[PDB]
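One chain is shown next in structure tokens, namely the form deposited in one PDB entry.
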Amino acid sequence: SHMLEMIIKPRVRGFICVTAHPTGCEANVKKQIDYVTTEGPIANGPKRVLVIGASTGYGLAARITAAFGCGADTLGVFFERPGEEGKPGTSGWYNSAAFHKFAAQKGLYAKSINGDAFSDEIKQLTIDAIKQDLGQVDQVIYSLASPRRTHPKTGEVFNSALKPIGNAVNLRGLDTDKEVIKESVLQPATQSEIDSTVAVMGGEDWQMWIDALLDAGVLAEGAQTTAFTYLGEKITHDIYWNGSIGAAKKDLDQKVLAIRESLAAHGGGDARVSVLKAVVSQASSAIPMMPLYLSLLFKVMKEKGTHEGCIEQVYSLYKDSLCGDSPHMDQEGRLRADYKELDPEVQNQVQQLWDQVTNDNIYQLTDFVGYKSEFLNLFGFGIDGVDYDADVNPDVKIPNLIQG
């Protein structure tokens, strides 16, 4: 039995943790659930929810909130690697296995579709699941983060870029492997890289989902859809909001209008771009600026009593703005959950510390310790009450998983 089981430890390759611990991921999911149930139910939420990008990060938190906060049946869509003998699956795989297990315990419906959400086939498999099981869905959460997209009509592979626009930028960062504060210069994106990034992370595919669901008659009256976005502090603007990724996020703002239009005539449904705060995610070491920014932001926010991760953010997004009597709206019609990160005093303190951090004062000036812990937590490592010495079977199976 030892031959099919293994001891799983973190292994980090090229800033990527390439292992995930099944028991730890389960404890992580359970902790997020217990948060939602500890805070209490959310009134007037959707009862039948499709989450696109449902296995990790913000879409996972949306699934947990909808299910265990609003009592929803949830259909999740993601792209994850199952575990096998000697070869741990991805954290999102284990997270969803744990979700299905906890949902079934509470008597809630949980079905998932593993495959490319950008494809027509997966959209068709999703429609079929809704038709067979749910009739219609009341809410569609759009929470994909992807480096690439295969266009479903032309077959063209688009690659997203994380580059400024216009001028090259000098970005201070933290290299999490060598633990050094260091700067690098990123060249500006070509028009082609900008359009490719808009193709991947813009709002076309969100549009195609909502249209396909409508064309099939699977969206309830008064339905609702939201796609997640980030605006960030002024310090992130050159690389994010005003870079190639920001061009994609701005495309979301041009898509959301024809979406709200569609659903508002449809029983007064609604659509909103939802703005969330920066958190540690699987990609956080995409660019070394993110670990440094998060390390600083965590420290400053912890001092103010305002630090949160995915579950806290999305719980109050549902409670205050998606289902709540007083939505927190901006001037563009976006829903905002990110205001504690953007508070002037937080930005100012983050900025003052930014020009002071060196290799020697990282632990005195920042919550790098907290960054590292949350990063390991994502993959099911460093969690309380988990025995990391016990053998585990990496081949964890999921009931009602449609493999696309």
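Here, rigid core means the biggest group of C-alpha atoms that superpose within 1.5 Å across both forms. Shifts are known only where both forms have a C-alpha. One-based numbering along the sequence shown.
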Please work out which of 92 to 100 and 313 to 321 has the higher mean CA B-factor as recorded in the PDB entry.
-> 313 to 321
Higher average CA B factor in the deposited record is what I'm after, so tell me if that's 233 to 241 or 207 to 215.
-> 207 to 215
The residue of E341, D367, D360, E26 with the maximal C-alpha B-factor according to the PDB record is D360
Scanning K111, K302, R148, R81 for peak Cα temperature factor in the entry gives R148
Among the chain's modelled residues, which third holds the C-alpha B-factor of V169?
-> middle
Chain thirds by Cα B factor, record data; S285 belongs to the highest
Against its chain's modelled residues, does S373's Cα B factor rank lowest, middle or highest third?
-> lowest
Give the position of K153 by CA B-factor within its chain, expressed as the lowest, middle or highest third.
-> highest
Report the third (lowest, middle or highest) to which the CA temperature factor of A72 belongs, ranking only the modelled residues of the same chain.
-> middle
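Keep in mind that the form deposited in another entry is missing from the display, and what follows is about it.
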Can you spot, among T236, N114, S244, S284, the one with a CA shift of 2 Å or more between this form and the one not shown after core superposition?
-> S284
Would you tell me if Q351 moves between this form and the one not shown by 2 Å or more at its C-alpha, with the rigid core held superposed?
-> no
Does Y388 show a Cα shift reaching 2 Å between this form and the one not shown after rigid-core superposition?
-> no
Determine whether the C-alpha of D360 shifts by 2 Å or more between this form and the one not shown once the rigid core is superposed.
-> yes
Moved runs of 3+ residues, each with a C-alpha displacement of 2 angstroms or more between this form and the one not shown on the rigid core | 13 to 15, 283 to 285, 358 to 361
